[PDB]
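Residue numbers (the authors' numbering), protein chains in the order written: chain A, 68 to 133; chain B, 1 to 528; chain C, 1021 to 1116; chain D, 2 to 117; chain E, 3 to 56; chain F, 779 to 817, 826 to 875; chain G, 1 to 189; chain H, 332 to 391.
What follows is one structure encoded as structure tokens, with my remarks underneath.
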Amino acid sequence: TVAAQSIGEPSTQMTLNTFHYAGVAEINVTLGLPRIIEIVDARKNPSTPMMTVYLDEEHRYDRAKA
Amino acid sequence: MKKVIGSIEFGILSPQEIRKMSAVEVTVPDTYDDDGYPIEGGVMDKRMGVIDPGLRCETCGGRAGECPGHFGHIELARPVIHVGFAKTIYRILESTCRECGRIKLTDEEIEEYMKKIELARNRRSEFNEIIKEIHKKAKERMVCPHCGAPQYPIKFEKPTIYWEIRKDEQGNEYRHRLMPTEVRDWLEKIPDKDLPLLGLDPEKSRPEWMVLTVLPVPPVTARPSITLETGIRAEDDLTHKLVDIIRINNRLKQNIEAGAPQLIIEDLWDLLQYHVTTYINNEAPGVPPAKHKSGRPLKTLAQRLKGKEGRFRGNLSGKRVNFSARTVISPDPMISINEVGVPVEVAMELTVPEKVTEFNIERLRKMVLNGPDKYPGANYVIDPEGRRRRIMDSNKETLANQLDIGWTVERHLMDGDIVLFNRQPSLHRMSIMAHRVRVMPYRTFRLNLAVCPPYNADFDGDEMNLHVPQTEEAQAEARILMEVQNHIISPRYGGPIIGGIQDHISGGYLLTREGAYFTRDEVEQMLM
Amino acid sequence: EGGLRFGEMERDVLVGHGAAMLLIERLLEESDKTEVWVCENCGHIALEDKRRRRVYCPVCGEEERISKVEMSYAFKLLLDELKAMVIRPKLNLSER
Amino acid sequence: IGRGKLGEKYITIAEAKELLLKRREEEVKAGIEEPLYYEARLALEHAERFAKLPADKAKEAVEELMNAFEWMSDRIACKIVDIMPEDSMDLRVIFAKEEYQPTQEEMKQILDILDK
Amino acid sequence: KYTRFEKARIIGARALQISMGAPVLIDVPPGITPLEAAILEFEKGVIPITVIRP
Amino acid sequence: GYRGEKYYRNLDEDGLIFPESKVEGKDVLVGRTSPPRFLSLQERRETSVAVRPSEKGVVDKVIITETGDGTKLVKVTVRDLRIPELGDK
Amino acid sequence: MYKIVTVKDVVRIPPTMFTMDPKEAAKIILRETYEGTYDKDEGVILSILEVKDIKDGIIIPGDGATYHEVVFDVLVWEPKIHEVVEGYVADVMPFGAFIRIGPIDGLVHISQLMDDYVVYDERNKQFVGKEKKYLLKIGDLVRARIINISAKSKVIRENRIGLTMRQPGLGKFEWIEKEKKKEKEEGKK
Amino acid sequence: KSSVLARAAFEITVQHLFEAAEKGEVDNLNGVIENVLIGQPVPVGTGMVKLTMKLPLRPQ
RNA sequence: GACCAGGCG
DNA sequence: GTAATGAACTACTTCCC
DNA sequence: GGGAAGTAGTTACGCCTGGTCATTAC
Ligand SMILES: [Mg+2]
Ligand SMILES: [Zn+2]
Ligand SMILES: [Zn+2]
Ligand SMILES: [Zn+2]
């Protein structure tokens, strides 16, 4: 019960920004209370699927190879 | 002497149990005669209970406020299908032989699936997954492996209509309706040895009981009647629905007895089935809900158990309590953090029962003499037998003399008592804490200012509730587990939650800044 | 002259503190409370007659195993409403 | 009866006489005007009414018919002391309720063991 | 060594016992409510109740 | 249902309260006796109109009139003075 | 049938008797709960003797009174159907004769009083045989076998036992002596 | 959850009740919500401990 | 007692 | 005088050409 | 078969004020 309350209570003070910047550096990804709802409800497919891909020892410190 | 409930088991009531537990049979579709007495044989019969003062229940004696009520039954003319078990009947029918009662499986498959059902039975999802495979594989087979016999597909149309597709010719087929008097006979022939494969239990859940033959009637206390000041009677929806059902059943029985064409009884049967289906649940799919005289849809058994005002979330989970108070709050920084100010008006209303002993007889006797109108006093005294007596201006001087060991006195609140303080909405566990009482002349609750953050309160019109525990165990639990000073650290992040706020920081900065200096009188006055 | 409502999150807060006896006092003692005669052999609720002060089970002829149980009135109403439909709840008692 | 049983024995009303005489004397020592409640003083009176032969002698007789023949059970031994039978018909009626009936020569032997 | 739940349960049980006729094991100033007497008994370390732990 | 005789303290013999008379909680403004309730025979029921249990004031005016179908009708107003105190917004 | 049986049970001891030793307090409690309340299957409780073993107390929520597991011995008188009743006729009545059998009075029906026709003589409010000239009066000491037994509730008064009285070996001691004289006469012939 | 009442009090009450009635399910009252509904003490906090007393005590 | 409308934190 | 009724969401289940 | 497409189930907690009901044709 303590854990459930400690998770639920702070959500009532959630803020939202939603900049929606056209820059590719800032990927448009849902955030905040909708994201928490998606995670807890175990959504089969998220609204904004995305991946983080790292590079090996080679191609790591170059722009054209990336 | 005193037992406790250890477990609960569920099942389906057989007609024998209904006919045995009932106390009367209802035949007359009326409630009250012209005088006001219940009509014998009606839905308000005395044998099912009494509500109006001045009447006695002949089933168990009793009075209008101490009779729990007793059941009744109605003998249906022809069987009807229970709406709750509608889909299960379809699943059972389309997965069993049409004329022998056996399942559409062979012995090897039966053994293989019994060995699988034996384990993983305590679970829900696995047991449901197992059942679906049996139904899916037995739906396709078109010939019984136990007896050589042809089979036909079955179509189910909501809510309680079953269709059978039969071939008039090779290219010409017609649909046949299965009336309940045939479905019950078909269901009656399934042996109990293969019931666990269908998911039922032979001892207390039998397929032929899903088709009603006798319908129970709830007691009078489950559907009270309110007498309006205008003289007209107000009755619950269940009474109206039962009256309609009884009238329809009587007309159908009379038509059957007197003889009639098939088109008449086969329509009255549908009307009765519709009435019963609406009575059990008024929000069944694909059926016009029953409408009251005022146009509002009626409430029925299914609606009483669901929603935010149902019997589960409305009364069982939360209910109204007795000893409580409510008023506005105002700041008071001169009391310690574990105290609360209580108006003298409230403190003279709520009472804390106390048992007189040898170390508090003097104070209790002094309190009783003050009566119920001076502040330190009592309202009631309880003798050792159990009688409750009200303290009055003509009784205090003699009741205070009879006081002795073993008595109980309901005194007023004093300084030192412990109460529960709550603010809604209760967001986390720190919204309810225990405080020590301190009586004040005015009529608002007084709260220390450093206690505001955990309550998230602000003095602009807010209100708070106050609860008073009554038993010594509850008082001890509140005193040991719910004290304010025990909740300085917040369990969410392991940091202080109760502390300074607003002026408590500005004053500190003004005091401890560079260049601040004070004279003798200021120092002495502030320290005092 | 009504009374305040002890909602569900108040019950959750009381649970989170861990005060079981406080829950028992607030939710049951200060609200509806009653004693019910229960037939131990079959599980149905027994019947008590004031005319001769005899207690017996109506469905089954048992008159020795009758026992007393303390429960909230709302749960008795829930049992009655469940028995209004064809669902049969059976009660299994235990000592202490 | 509470939880159950853990043992069982049978006694003669000759022993019941002194058993109730116990409660008699203890409650008179405690200062009770009615040292035995209703049917308790009655039980005492009925026990002593047929208790000329002493209780310890009744137990000795019980043990004597214990050694005499193996089939004899302490209930029957207490019973024969309790009834004081004198002739064949007496013990025939005594045992006719029970499944077992007393043999006439065993009956003559019980006549000797009964003694006074 | 007592967990706070055990302490609260013991104090409640003793407070209930005192208010029914059980004699007090220590002297107490007059006018004291039974719960305070139980608390005083507990902090004096003379409480006879013990807890069984699996 | 006859209340205490203290409550029927300032009712005129016609059944109406005199104006400008102090009233406390549960005091009776208009005295009315309903016909007996069928089961109690020959026993009229007391159904008087009383001040709310938690209010206090002084009677201001009394009006007697007739409704749209011949029945009598009375309206009574209560005046109460309120001074600022703790908790007022 | 007077009998001693050892029984296990759990005894509640109220706070008042806390200062008293557990053994005698438990004895008193058992007296109260069993001396008046008896069981049909066991007979009628007469006297509780010394309790030998007692356990530590268990405190449950609510009551707050200590509970002790107790094993004790109790002297019980159990009536058994078809048994030789030894007792005196406490009183007689036109529908039957009341026979003291133990903690309860038994009822000997007038149809169960004799093979001979019986009549309720009202001069002394007694029974008298028509042809045997046999009489039954208050205070008479009789022996009779049981035919029917009955027991309703834990109150002792509401019990009845029917005794057969015609069967050989039963009756008032006088006519039993007469039957013995007849047996002697037949054995000497 | 194994308890019928714990699931029934949450959502879709009637479907759960009828399913449990069909299956012949058994509720052991080993949870928290069900005991609150009945009124008997919960096993969560204080209702878990058990304590014993030695009786022959005298005022010292 | 159930509905409808409007407010307070 | 009374007996008589007249908007969003999400996850399943059913198709289906 | 894996794409429609059509059900089926939910949507914060208290408290206050006032107003209306609770059949009709003959
Ligand atoms: Mg605010
Ligand atoms: Zn009744
Ligand atoms: Zn077949
Ligand atoms: Zn029963």
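Backbone N, C-alpha and C fix where the C-beta goes; we use that ideal spot for every residue, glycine too.
**OP:** Would you decide whether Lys241 (chain B) is buried or exposed? Buried here means 16 or more other CB atoms lie within 10 Å of its CB.
**Re:** Looking up residue 241 (chain B) in the second sequence gives position 241. Classification of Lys241 (chain B): buried, given that the 10 Å Cβ count is 16 or more.
Original post:
What number of angstroms, rounded off, separates the C-alpha of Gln502 (chain B) from the C-alpha of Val484 (chain B)?
Top reply: Residue 502 (chain B) sits at position 502 when you count from the first residue of the second sequence. Residue 484 (chain B) sits at position 484 when you count from the first residue of the second sequence. When rounded, the distance between both Cα atoms is 21 Å.
Original post:
Cβ of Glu43 (chain E) less than 8 Å from any chain H Cβ?
Top reply: For this step, residue 43 (chain E) is matched to residue 41 along the fifth sequence. Taking Cβ atoms only, chain H never reaches closer than 8 Å to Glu43 (chain E), which makes this a no.
Original post:
Relative to ligand 1, is the shortest distance from any of its heavy atoms to the C-beta of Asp358 (chain H) smaller than 7 Å?
Top reply: Residue mapping note: residue 358 (chain H) aligns to position 27 of the eighth sequence, counting from 1. No, ligand 1 has no heavy atom inside 7 Å of this Cβ.
Original post:
Going by other Cβ atoms of all chains shown within 10 Å of its Cβ, with 16 needed for buried, is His435 (chain B) buried or exposed?
Top reply: As a position in the second sequence, residue 435 (chain B) is number 435, starting the count at 1. Buried: at least 16 other Cβ atoms inside 10 Å.
Original post:
When the distance is taken between beta carbons, is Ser426 (chain B) closer than 8 Å to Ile432 (chain B)?
Top reply: For the purposes of this step, residue 432 (chain B) is taken as the residue at position 432 of the second sequence. For the purposes of this step, residue 426 (chain B) is taken as the residue at position 426 of the second sequence. In contact: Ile432 (chain B) and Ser426 (chain B) (Cβ atoms closer than 8 Å).
**OP:** Note down, in chain order, all residues in the segment 3-20 of chain B with a beta-carbon under 7 Å from any beta-carbon belonging to chain C.
**Re:** Of all residues in the segment 3-20 of chain B, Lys3, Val4, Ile5, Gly6, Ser7, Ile8, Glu9, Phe10, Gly11, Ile12, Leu13, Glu17 and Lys20 have a Cβ within less than 7 Å of some Cβ in chain C.
**OP:** Under 7 Å Cβ to Cβ from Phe459 (chain B), same chain only, skipping five residues before and after it: list those, please.
**Re:** Here residue 459 (chain B) corresponds to residue number 459 of the second sequence, with the count starting at 1. Here the set comprises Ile329, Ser330 and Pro331.
Original post:
Going along the chain, which residues of its own chain have a beta-carbon closer than 7 Å to the beta-carbon of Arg446 (chain B), five neighbours each way excluded?
Top reply: Numbered from 1 along the second sequence, position 446 holds the residue referred to as residue 446 (chain B). Within the same chain, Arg446 (chain B) has close Cβ partners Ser330, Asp332, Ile335, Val340, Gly341 and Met440.
Subject >> Check your reading: residues with Cβ closer than 6 Å to ligand 1 heavy atoms >> reply: B:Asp458, B:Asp460 and B:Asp462
**OP:** Could you tell me the distance, in whole angstroms, from the CA atom of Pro218 (chain B) to the CA atom of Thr66 (chain G)?
**Re:** On the second sequence, residue 218 (chain B) is found 218 positions in, with the first residue counted as 1. On the seventh sequence, residue 66 (chain G) is found 66 positions in, with the first residue counted as 1. When rounded, the distance between both Cα atoms is 43 Å.
**OP:** Leaving aside the five residues before and after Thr160 (chain B) along the sequence, list all residues of the same chain whose C-beta is less than 7 Å from its C-beta, in chain order.
**Re:** As a working mapping, residue 160 (chain B) is identified with position 160 in the second sequence. If we look at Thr160 (chain B) and ignore the five residues flanking it on each side, its Cβ neighbours are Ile81, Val83, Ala86, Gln273 and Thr277.
Subject >> Any non-hydrogen atom of ligand 2 closer than 7 Å to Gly36 (chain B) Cβ >> reply: Taking the second sequence and counting its residues from 1, one reaches residue 36 (chain B) at position 36. In terms of side-chain proximity, the C-beta atom of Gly36 (chain B) is found no nearer than 7 Å to any non-hydrogen atom of ligand 2.
Original post:
Would you say the beta carbon of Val345 (chain H) comes nearer than 7 Å to a heavy atom of ligand 4?
Top reply: The residue labelled residue 345 (chain H) in the question sits at position 14 within the eighth sequence. No, Cβ of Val345 (chain H) sits at least 7 Å from all heavy atoms of ligand 4.
**OP:** Spell out whether any CB of chain H is found under 8 Å from the CB atom of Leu1048 (chain C).
**Re:** Here the question's residue 1048 (chain C) lines up with position 28 in the third sequence. At least one chain H Cβ lies under 8 Å of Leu1048 (chain C).
Original post:
By Cβ distance below 7 Å, which residues in the same chain neighbour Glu69 (chain G) in space, the five residues on each side in sequence not counted?
Top reply: The count along the seventh sequence starts at 1 and reaches residue 69 (chain G) at position 69. These residues qualify, in order along the chain: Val10 and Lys55.
**OP:** Report the residue ranges of all alpha helix (DSSP H) runs contained in full by the segment 2-36 of chain G; include only those spanning at least 4 residues, in chain order.
**Re:** Listed in chain order, the complete alpha helix (DSSP H) runs (minimum 4 residues) inside the segment 2-36 of chain G are 22-35.
Subject >> Straight-line Cα distance separating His412 (chain B) from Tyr375 (chain B) >> reply: In the second sequence, counting from the first residue as 1, residue 375 (chain B) sits at position 375. In the second sequence, counting from the first residue as 1, residue 412 (chain B) sits at position 412. Going by the C-alpha atoms only, they are around 8 Å apart.
Subject >> Beta carbon of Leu54 (chain D) nearer than 8 Å to that of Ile81 (chain D) >> reply: In the fourth sequence, counting from the first residue as 1, residue 54 (chain D) sits at position 53. In the fourth sequence, counting from the first residue as 1, residue 81 (chain D) sits at position 80. No.
Subject >> Contact test: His70 (chain B) Cβ vs ligand 2 heavy atom, cutoff 7 Å >> reply: Here the question's residue 70 (chain B) lines up with position 70 in the second sequence. Because some heavy atom of ligand 2 lies under 7 Å away, the Cβ of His70 (chain B) counts as near it: yes.
Original post:
Counting only beta-carbon atoms, is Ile59 (chain G) nearer than 8 Å to chain E?
Top reply: For the purposes of this step, residue 59 (chain G) is identified with residue 59 of the seventh sequence, where counting begins at 1. So yes, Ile59 (chain G) belongs to the interface.
**OP:** Output the residues surrounding ligand 4, defined as those with a CB atom closer than 6 Å to any ligand heavy atom, in chain order.
**Re:** The filter returns C:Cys1059, C:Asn1061, C:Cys1062, C:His1064, C:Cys1077, C:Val1079, C:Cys1080 and C:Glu1082, in chain order.
**OP:** Give a single yes or no on whether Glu99 (chain B) has its beta carbon closer than 7 Å to a heavy atom of ligand 3.
**Re:** By 1-based counting over the second sequence, the position of residue 99 (chain B) is 99. Annotation for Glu99 (chain B) indicates a beta carbon within 7 Å of some heavy atom of ligand 3.
Original post:
Along the segment 478-506 of chain B, what residues have a CB closer than 8 Å to any CB found in chain E?
Top reply: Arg479, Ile480 and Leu481
Original post:
Thinking C-alpha only, which one of C:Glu1090, C:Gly1063 and C:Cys1059 is nearest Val1075 (chain C)?
Top reply: On the third sequence, position 55 is the one that residue 1075 (chain C) refers to. Comparing Cα positions, the closest option is C:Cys1059.
Original post:
Can you tell me whether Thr230 (chain B) is buried or exposed, with buried defined as 16 or more other CB within 10 angstroms of its CB?
Top reply: Taking the first residue of the second sequence as 1, we reach residue 230 (chain B) at position 230. Classification of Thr230 (chain B): exposed, given that the 10 Å Cβ count is below 16.
Original post:
If you pair each beta-carbon of the segment 137-157 of chain G with each one of the segment 70-88 of chain G, do three or more pairs fall below 8 Å?
Top reply: yes
**OP:** Can you pull the chain G residues whose beta carbon is under 8 Å from the beta carbon of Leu18 (chain E), in chain order?
**Re:** Within the fifth sequence, numbered from 1, the residue matching residue 18 (chain E) stands at position 16. The contacting residues are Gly64.
Original post:
So, using beta-carbon positions, are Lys117 (chain D) and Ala56 (chain D) closer together than 8 Å?
Top reply: By one-based count along the fourth sequence, residue 117 (chain D) stands at place 116. By one-based count along the fourth sequence, residue 56 (chain D) stands at place 55. Going by C-beta atoms, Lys117 (chain D) is not nearer than 8 Å to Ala56 (chain D).
**OP:** Could you tell me whether the Cβ atoms of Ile488 (chain B) and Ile497 (chain B) are closer together than 8 Å?
**Re:** In the second sequence, residue 488 (chain B) corresponds to position 488, counting from 1. In the second sequence, residue 497 (chain B) corresponds to position 497, counting from 1. In contact: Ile488 (chain B) and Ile497 (chain B) (Cβ atoms closer than 8 Å).
Subject >> Span of the beta strand (DSSP E) around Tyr120 (chain G) >> reply: For this step, residue 120 (chain G) is matched to residue 120 along the seventh sequence. Note, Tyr120 (chain G): beta strand (DSSP E), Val118 to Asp121.
Subject >> Rounded C-alpha distance that separates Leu46 (chain G) from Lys52 (chain G) >> reply: Here residue 46 (chain G) is taken as the residue at index 46 of the seventh sequence, counted from 1. Here residue 52 (chain G) is taken as the residue at index 52 of the seventh sequence, counted from 1. Rounded to the nearest angstrom, the two C-alpha atoms are 19 Å apart.
Original post:
Is the beta carbon of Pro36 (chain E) sitting closer than 8 Å to the one on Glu362 (chain B)?
Top reply: Counting from 1 along the fifth sequence, the entry for residue 36 (chain E) is found at position 34. Counting from 1 along the second sequence, the entry for residue 362 (chain B) is found at position 362. No, the pair does not count as a contact, with Cβ atoms beyond the cut-off.
**OP:** Check the DSSP bridge columns for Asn68 (chain D) and list the partner residues they point to.
**Re:** In the fourth sequence, counting from the first residue as 1, residue 68 (chain D) sits at position 67. According to DSSP, which records beta bridges pairwise, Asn68 (chain D) is partnered with nothing at all.
**OP:** Show which residues of chain E have a CB atom less than 9 Å away from the CB atom of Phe18 (chain G).
**Re:** Indexing the seventh sequence from 1 puts residue 18 (chain G) at position 18. Within chain E, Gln19, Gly23, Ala24 and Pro25 have C-beta atoms less than 9 Å from the C-beta of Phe18 (chain G), given in sequence order.
Original post:
When we look at the beta-carbon of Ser78 (chain A) and count the other beta-carbons within 10 Å, is it buried (16 or more) or exposed?
Top reply: For the purposes of this step, residue 78 (chain A) is identified with residue 11 of the first sequence, where counting begins at 1. The C-beta of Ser78 (chain A) has fewer than 16 other C-beta atoms within 10 Å across all chains shown, which makes the residue exposed.
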